[PDB]
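Just follow the structure's listing: the first ligand is 1, and inside any ligand the first atom is 1. In what follows, chains carry the letters A, B, and so on, assigned in the order in which the sequence lines appear, proteins first and then strands, with residues in each chain numbered from 1.
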Amino acid sequence: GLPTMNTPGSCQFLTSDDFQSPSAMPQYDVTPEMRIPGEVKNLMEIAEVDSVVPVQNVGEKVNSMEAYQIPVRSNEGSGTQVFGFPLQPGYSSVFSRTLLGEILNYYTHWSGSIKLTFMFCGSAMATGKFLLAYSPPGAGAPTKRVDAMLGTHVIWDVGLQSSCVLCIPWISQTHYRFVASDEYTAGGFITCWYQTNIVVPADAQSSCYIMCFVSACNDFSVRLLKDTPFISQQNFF
Amino acid sequence: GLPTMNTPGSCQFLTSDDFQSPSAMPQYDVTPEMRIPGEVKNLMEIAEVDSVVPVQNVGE
Amino acid sequence: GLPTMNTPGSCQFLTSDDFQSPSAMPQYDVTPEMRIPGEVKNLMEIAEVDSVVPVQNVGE
Amino acid sequence: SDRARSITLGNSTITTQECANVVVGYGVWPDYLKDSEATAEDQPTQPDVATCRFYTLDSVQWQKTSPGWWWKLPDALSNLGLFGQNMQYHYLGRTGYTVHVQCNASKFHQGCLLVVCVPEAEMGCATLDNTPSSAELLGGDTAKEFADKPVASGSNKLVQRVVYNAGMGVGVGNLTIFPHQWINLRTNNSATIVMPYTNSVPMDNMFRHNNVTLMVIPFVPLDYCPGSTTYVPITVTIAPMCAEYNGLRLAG
Amino acid sequence: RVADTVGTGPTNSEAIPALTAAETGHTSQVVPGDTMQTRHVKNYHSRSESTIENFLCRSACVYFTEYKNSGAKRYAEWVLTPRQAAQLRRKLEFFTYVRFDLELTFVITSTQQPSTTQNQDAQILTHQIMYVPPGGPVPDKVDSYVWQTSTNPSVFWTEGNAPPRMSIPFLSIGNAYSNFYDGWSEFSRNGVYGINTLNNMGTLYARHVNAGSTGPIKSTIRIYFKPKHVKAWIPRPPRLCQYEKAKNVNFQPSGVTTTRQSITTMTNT
Amino acid sequence: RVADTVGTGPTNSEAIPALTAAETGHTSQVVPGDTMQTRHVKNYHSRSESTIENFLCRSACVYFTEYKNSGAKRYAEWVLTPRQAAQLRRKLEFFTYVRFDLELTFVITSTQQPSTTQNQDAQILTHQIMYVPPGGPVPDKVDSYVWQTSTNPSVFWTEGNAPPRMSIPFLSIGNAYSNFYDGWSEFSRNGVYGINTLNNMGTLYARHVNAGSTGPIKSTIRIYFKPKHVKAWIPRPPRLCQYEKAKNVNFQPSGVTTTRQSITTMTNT
Amino acid sequence: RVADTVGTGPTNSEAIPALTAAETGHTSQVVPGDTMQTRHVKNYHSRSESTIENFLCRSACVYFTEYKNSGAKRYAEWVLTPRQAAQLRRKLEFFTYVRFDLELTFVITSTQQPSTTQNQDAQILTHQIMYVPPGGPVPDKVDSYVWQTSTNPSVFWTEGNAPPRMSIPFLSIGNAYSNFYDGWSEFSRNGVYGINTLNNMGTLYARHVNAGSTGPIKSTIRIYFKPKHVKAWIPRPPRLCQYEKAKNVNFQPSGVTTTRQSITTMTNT
Amino acid sequence: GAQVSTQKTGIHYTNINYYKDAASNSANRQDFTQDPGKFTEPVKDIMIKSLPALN
Amino acid sequence: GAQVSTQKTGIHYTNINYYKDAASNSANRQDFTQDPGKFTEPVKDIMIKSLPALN
Amino acid sequence: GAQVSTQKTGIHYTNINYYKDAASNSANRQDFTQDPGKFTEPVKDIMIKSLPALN
Ligand SMILES: O=C(O)c1ccc(NS(=O)(=O)c2ccc(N3C(=O)c4ccccc4C3=O)cc2)cc1
Ligand SMILES: *C(=O)CCCCCCCCCCCCC
Ligand SMILES: *C(=O)CCCCCCCCCCCCC
Ligand SMILES: *C(=O)CCCCCCCCCCCCC
């Protein structure tokens with residue numbers, strides 16, 4: 001016949017290969033398709049959807065709904081911190097089990113902007129202002145309000161419209177950052193402070209909560225598939 | 001020769017496969033066909049034919 | 001299938017060979033290039049550069 | 001202006017003064033089955049305005065400690081009106097829904113609810129080698145309630161109900177990929193979702209498959225000071241959309 | 001795919017893109033130029049690794065069974081499901097309904113078993129793997145008439161060759177496979193719950209076609225599933241708990257996340 | 001293929017499609033819209049799996065024989081018929097006359113046999129399978145002159161390679177093979193009944209070409225038939241009884257169906 | 001490529017091509033015809049062997065590890081770097097920044113280990129090599145759930161076949177790999193120096209998929225890297241000293257050159 | 001001399017014949033013609049449904 | 001009957017289908033259409049950023 | 001979609017790409033462009049041989 005020669009990689013099973021293989025059932029006609037609502041064609045469709053972030057998660061809070069709630073209250077003075085967590089989804093305790101964060105433990109690399117939304121869930125007599133800050137890395141976390149207003153920030157005023165978005169720009173030396181912890185591809189720190197006290201009248205609760213959401217922007221992308229560390233087994237089920 | 005590479009499923013015998021294989025008798029001419037009544041080309045031809053149903057079938 | 005025949009040099013690993021082989025990561029898009037100064041495309045570029053010669057080299 | 005809404009289906013009309021828009025499904029509005037997707041060869045029954053109209057279910061109190069509630073959709077309307085009398089005489093049917101959840105409280109109250117319509121919400125059992133009974137999953141217009149503590153494992157046909165796993169073994173804060181709205185008491189008093197028919201078959205029997213489950217879950221507890229109203233109800237109202245039925249037989 | 005950043009200068013306007021109402025059930029479409037001054041960036045990034053036909057289209061080991069050329073356990077039986085093994089199962093359960101074609105690939109290995117047999121001398125082993133569609137005869141022994149394979153798909157494989165593979169169509173009676181079923185198959189609503197016949201796709205049998213040696217050899221067959229030509233509908237939250245059973249969604253209650261020291265701390269515990 | 005349902009409204013007419021006479025030997029052409037109100041359905045179903053060249057075109061094991069590299073039974077003899085094995089035979093006997101080309105495929109395996117031979121050390125086995133058309137010399141021993149194969153088709157196969165295969169034309173002297181023959185070959189109408197020479201297609205011989213080992217090895221050859229290019233005429237009722245013999249249609253009387261409790265019961269026994 | 005010599009006659013001119021200033025940091029462009037009488041020569045020589053995509057595009061052994069089918073060391077772990085082995089490493093360090101695609105090729109061999117096991121009789125070995133991208137589960141034993149390979153690239157190879165190979169893209173987060181890093185990853189400038197995450201490209205695992213024999217077999221896997229599609233920037237002086245460590249540039253001080261007797265001697269010592 | 005034909009779908013493939021015998025060719029899978037009217041309705045007179053079978 | 005398509009780059013390749021079933025073909029890797037607007041913005045009224053979400 | 005290119009000689013060959021990734025292609029051997037003027041003569045002022053380097 002036709003003289004041929006085999007090359008390295010013949011008679012191997014590579015799990016990522018695409019080759020054609022004969023059907024075991026030939027001339028089998030499959031059932032028609034129907035239009036089912038909500039077809040998914042990309043996983044960045046469903047990473048652009050808001051998901052409640054468990055900011056609190058200190059001891060026994062993860063075994064309750066108190067994880068999702070962020071305390072804020074009427075206190076003396078202002079310029080006290082409300083929360084702080086580091087930017088690094090798919091590593092951080094805060095972000096690893098969010099909807100964004102679990103489409104990001106299947107990938108090694110990530111790029112793009114992330115938008116946090118906050119929703120004030122006090123009474124309609126409560127009012128206040130917050131400073132929602134993001135600091136690039138290289139100087140540690142800000143420990144005062146005056147240190148935190150030197151970074152990117154938004155001042156949020158609560159009225160009608162009970163949410164505000166802090167969009168986190170992409171500021172990185174590299175085009176991608178590792179999903180896993182590395183100090184070369186450090187993300188920075190996201191902190192919140194009282195710009196002004198929570199002020200309430202009599203007969204309205206002086207303790208209120210904030211809920212946080214996280215989603216990707218439209219410039220976001222992920223790269224390089226890998227197994228997730230979050231599912232295990234000891235035997236077949 | 002021409003560089004080639006083998007893929008999974010080489011040197012297997014799949015019972016449903018369609019491949020060409022050389023004839024053991026080459027240049028053998030087969031007998032002519034005749035028209036025989038009642039050629040069957042599909043089995044749904046012969047499932048569309050009435051057949052007596054044994055509705056009773058209780059013991060003997 | 002198509003009758004083929006293998007020649008000497010099949011199932012060898014020659015270290016100088018150029019053949020195509022499937023990627024283990026398919027549809028992976030690589031990072032963009034940037035212009036970095038001083039690209040090298042030949043080693044005779046960098047053999048045409050003066051280099052101090054150690055003419056003396058007698059003992060210590 | 002943007003906060004006023006009116007929805008008219010059959011006899012019924014709903015009107016709200018505080019509204020967060022209407023969420024529509026996956027961007028698909030309810031429609032009748034096409035003749036290029038149909039399998040069943042009989043002529044459908046389409047009752048129209050005798051099935052497709054709002055039905056109020058029983059109210060349930062929101063307390064300072066409340067974990068949440070769920071209703072499984074075709075089997076929460078199964079005893080109500082002629083909706084309930086067409087699904088026991090027919091083998092098949094398909095319908096979308098408009099779910100409207102109401103909860104009004106003063107401007108001195110606070111709290112937040114998540115209102116989700118979850119396709120095929122299959123729920124675990126407290127005992128790991130049993131599956132739940134149908135008397136632990138299905139109400140009939142009475143709400144089933146979640147728990148805040150794990151259900152102990154006996155020799156149970158009980159559901160494993162915990163708010164934070166949502167009774168399905170998933171994070172409860174990730175239920176926001178399903179069509180949803182929030183009722184935050186300082187903003188709005190109602191939530192409207194319009195579900196289309198979601199299934200992998202064009203019609204299905206409705207007395208052994210529940211293709212949607214409504215869940216109302218507090219994320220921020222109800223809180224108020226002494227002197228305020230201490231009883232705040234949550235009412236659920238559900239209207240069929242484009243109901244069809246096929247396969248007429250005897251009742252059962 | 002990825003969109004280009006657009007430059008923006010100072011603002012002072014009645015526009016309020018940052019303020020929103022998240023009660024509406026709508027994810028805000030705010031981009032970075034809204035809240036701050038940005039430069040114009042050209043992006044050449046792509047979203048080609050996060051296609052559903054990249055995510056699910058890699059071979060994954062679903063099961064493995066053992067069988068011997070002597071004594072009991074002469075053949076292996078397995079009902080095809082992608083739910084015995086955690087990793088593949090979790091990926092498919094990002095969706096409620098999926099539709100795909102399989103490609104089965106089998107890695108069959110053999111291991112000599114300890115014995116006091118003198119003068120063992122194996123011949124090459126040939127293995128038969130037989131796919132039996134739902135219903136029809138089931139082999140009850142090695143050397144039954146069911147291994148004739150007159151109309152059941154079957155492959156034969158001699159050792160030291162490439163793994164067998166075969167493609168399977170989409171075999172559902174429905175218009176998609178369902179990964180979740182919130183119902184009973186019985187009209188009484190009794191019996192097993194979450195059991196449905198949309199995901200049937202037969203049983204697999206495997207045996208030795210010869211005992212080559214006088215001594216005992218035990219083989220292990222590993223089955224790999226690779227979805228292809230995938231379509232998926234209705235996304236779901238990922239599984240948070242460990243799986244317990246292959247037919248149930250049953251779980252042990254698990255905390256939302258791992259803990260940390262304070263709500264201001266920048267490290268995990 | 002499958003036809004589309006057509007919508008129908010109420011009737012009250014002198015038409016009577018439901019009433020018929022079944023004495024005429026004609027199957028009624030009534031469709032569902034005749035007897036009831038129907039909707040219009042588009043059908044996209046096909047009848048492509050029920051073609052005769054799908055039904056009969058899968059490999060099926062017809063026979064297997066054994067032979068050894070020592071002692072008696074040095075070779076295997078088999079007269080080619082598809083009537084030794086039940087499953088293939090039943091499928092072909094949905095028809096009276098069939099015409100097809102074969103594809104033979106051979107799965108040859110070897111197994112070490114127990115002995116007290118010290119220091120066995122097999123070389124690779126090579127096997128020869130020889131097809132002998134009707135008439136002509138028959139080997140009477142391993143190492144006869146008939147295995148020269150000067151004009152008999154033959155294949156040689158070394159172990160650990162792909163199964164051999166070869167195509168055979170349609171070899172009948174008639175214009176179709178017959179699966180039934182209601183006559184005698186003798187003009188006296190004596191002798192064997194149902195025996196005909198339209199289905200002759202030689203004999204198959206198989207041996208080892210070397211005894212590789214000093215110890216005894218026994219091989220098993222399995223023959224697979226795959227019809228292709230099929231044409232079939234005159235359909236027949238399926239076989240209801242178990243087969244007894246390969247040359248006869250002889251049977252043990254069997255009941256029509258399995259029983260049940262009553263003529264109103266909705267379960268089987 | 002190579003340029004042609006041009007003929008020249010006598011000169012006596014105010015031109016001074018031979019005289020130059022080498023303080024300017026410019027290499028003189030003097031050709032032989034400048035300083036002497038030359039003939040015209042046609043050159044047909046080429047510079048095609050000194051392309052960067054010839055110099056670096058040959059397979060080079062980077063590492064080898066061993067693992068056994070019994071006892072301890074059931075699998076082999078290796079973090080992919082081209083810096084364990086001297087020869088490949090030196091060639092890449094003619095440049096500061098390089099960008100290329102790998103082709104991995106594996107030469108896997110097995111050797112019987114001495115034992116007092118009677119009646120050994122190996123079956124063919126099958127090996128699994130599993131590439132794990134940075135992060136994600138790491139096998140801690142042979143027979144963990146990580147060898148499922150649901151989303152990790154993996155190959156399986158049976159003995160006596162061609163070496164496996166696979167291509168790897170350019171996997172850097174940077175726009176080129178760096179062979180030198182003059183910094184710390186920490187902002188404090190503490191910890192390890194010269195450590196960077198631009199050159200991460202996972203870990204490789206290798207095991208036996210079966211123990212074929214009753215006796216012990218030890219395998220050795222050798223990994224070969226072949227750069228291809230290369231681009232390189234900023235050339236550097238070659239390494240003069242022997243390498244000590246794979247993560248450091250640390251060296252023992254070495255003399256400039258080897259010695260000789262005098263500055264007028266025409267031989268080496 | 002290649003044939004290009006359509007595949008079974010809910011594209012196209014290429015086939016070349018390599019042998020000089022037409023009994024060496026792959027099986028004919030895509031022949032879907034049928035005629036049930038030989039076995040159903042073998043009656044000499046034309047039966048019309050919506051009219052008596054016997055007058 | 002060959003298809004020629006572009007490769008993934010920071011050229012072209014050739015493919016022929018060899019089988020008569022369309023479930024035997026290699027996986028579709030290069031389909032990059034997407035529409036996140038079903039899961040983000042499922043609201044009936046059109047939301048305009050730079051205007052109040054609630055009047 | 002075949003490319004035909006010249007061989008290294010003191011004829012032509014044919015190549016088809018079989019894979020959908022451009023990192024699967026054979027090495028580029030025949031790129032012979034070069035520019036030594038970055039590393040030799042990096043000076044701002046143009047040096048002319050046959051004229052003083054320094055006036
Ligand atoms: O290697 C993999 O592909 C592979 C290894 C482990 C695996 N999943 S596991 O949950 O870790 C697991 C771990 C062990 C076994 N297991 C055994 O090791 C074993 C030995 C003998 C009989 C039965 C079994 C058996 O069920 C089954 C599953 C999947 C695949
Ligand atoms: C018509 O047959 C010519 C079309 C191009 C043929 C390509 C042939 C492929 C390789 C040869 C197959 C030869 C089989 C004997
Ligand atoms: C269109 O298909 C014709 C283009 C040229 C075809 C070359 C075919 C290559 C060799 C045959 C592959 C046949 C697979 C059954
Ligand atoms: C352009 O590519 C068409 C030119 C003729 C192609 C002959 C193809 C040779 C055999 C197929 C190689 C296919 C690799 C996937």
Any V146(G) side-chain heavy atom under 4.5 Å of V138(G) side chain: no

message: Within the protein, is there a heavy atom lying under 4.0 Å from atom 1 (C) of ligand 3?
response: yes

message: Please list the nearest protein heavy atom to atom 3 (C) of ligand 3 with its residue and the distance rounded to 0.1 Å.
response: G1(I) N, 2.5 Å

message: Under 4.0 Å, heavy-atom basis, I'd like to know which part of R207(G) is in contact with ligand 1: side chain, backbone, both or neither.
response: side chain

message: I'd like to check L2(B) versus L2(A) (side-chain heavy atoms, cut-off strictly below 4.5 Å). Are they in contact?
response: yes

- prompt: At what distance is the nearest protein heavy atom to atom 9 (C) of ligand 3, and which residue and atom is it?
  reply: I16(I) CD1, 4.5 Å

- request: Report the part of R222(E) in contact with ligand 1, treating N, CA, C, O as backbone and CB onward as side chain, heavy atoms under 4.0 Å; options are side chain, backbone, both, neither.
  value: side chain

message: Counting only heavy atoms closer than 4.0 Å, does ligand 1 sit against the backbone of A86(E), its side chain, both, or neither?
response: neither

query: Judged by non-hydrogen atoms, does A2(H) sit under 4.0 Å from ligand 3?
result: no

query: What protein heavy atom sits nearest atom 13 (C) of ligand 1, and how far away is it?
result: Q234(A) O, 3.4 Å

statement: for atom 9 (S) of ligand 1, nearest protein heavy atom and its distance come out as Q233(A) OE1, 3.7 Å

task: State, with a plain yes or no, whether a side-chain heavy atom of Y18(I) is found less than 4.5 Å away from one of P22(A).
output: no

field: Axial cation check for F55(E) ring with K91(E), 6.0 Å and 45° limits
entry: yes

message: Using a 3.5 Å distance criterion without hydrogens, assess whether the side chain of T111(E) forms a donor-acceptor pair with backbone atoms of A211(G).
response: yes

- request: Can you sort out which atoms of ligand 1 are near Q148(G), meaning under 4.0 Å from one of its heavy atoms?
  value: 7 (C), 8 (N), 29 (C), 30 (C)

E66(E): numbered ligand 1 atoms lying under 4.0 Å from its heavy atoms: 21 (C), 22 (C), 23 (C)

Aromatic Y243(E) / basic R89(E) pairing, under 6.0 angstrom, 45° off normal: yes

message: If you define the side chain from C-beta out and look only at heavy atoms, does anything of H127(E) sit under 4.5 Å from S110(E)?
response: yes

query: Going by distance only, is there an N or O of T14(H) that falls short of 3.5 Å from an N or O of ligand 3?
result: yes

statement: Note: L2(C), heavy atoms under 4.0 Å from ligand 2, region reported as side chain

- prompt: Are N28(I) and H229(E) side-chain neighbours, meaning at least one heavy-atom pair lies under 4.5 Å?
  reply: yes

Atom 17 (C) of ligand 1: the protein heavy-atom neighbour that sits closest, reported with distance to 0.1 Å: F64(E) CZ, 4.0 Å

query: Does the protein place any heavy atom closer than 4.0 Å to atom 7 (C) of ligand 3?
result: no

- prompt: Between atom NZ of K218(E) and atom OG of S70(E), what is the distance when rounded to the nearest 0.5 Å?
  reply: 13.0 Å

- prompt: Can you find a pair of side-chain heavy atoms, one from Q20(C) and one from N25(J), that are under 4.5 Å apart?
  reply: yes

- request: Return the residue, atom name and 0.1 Å-rounded distance of the protein heavy atom closest to atom 14 (C) of ligand 3.
  value: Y18(I) CD2, 2.2 Å

- prompt: Taking 4.0 angstrom as the limit, do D227(A) and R58(E) come out as a salt bridge?
  reply: no

- line: Note: ligand 1 atoms sitting under 4.0 Å from heavy atoms of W147(G) are 3 (O)

Sub-4.0 Å heavy-atom approach of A85(E) to ligand 1: no

- request: Among all protein heavy atoms, pick the one closest to atom 6 (C) of ligand 1 and tell me residue, atom and distance.
  value: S144(G) O, 3.0 Å

message: Measuring from atom 10 (O) of ligand 1, which candidate in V146(G), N235(A), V142(G), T65(E) has the nearest non-hydrogen atom?
response: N235(A)

- prompt: Hey, does the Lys NZ or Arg CZ of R207(G) hover above the aromatic six-ring of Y75(G), less than 6.0 Å from the centre and inside 45° of the axis?
  reply: no

- request: Please write down residue, atom name and distance for the protein heavy atom closest to atom 18 (O) of ligand 1.
  value: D143(G) OD2, 3.9 Å

field: Check: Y224(E) ring centre within less than 6.0 Å of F156(G) ring centre
entry: yes

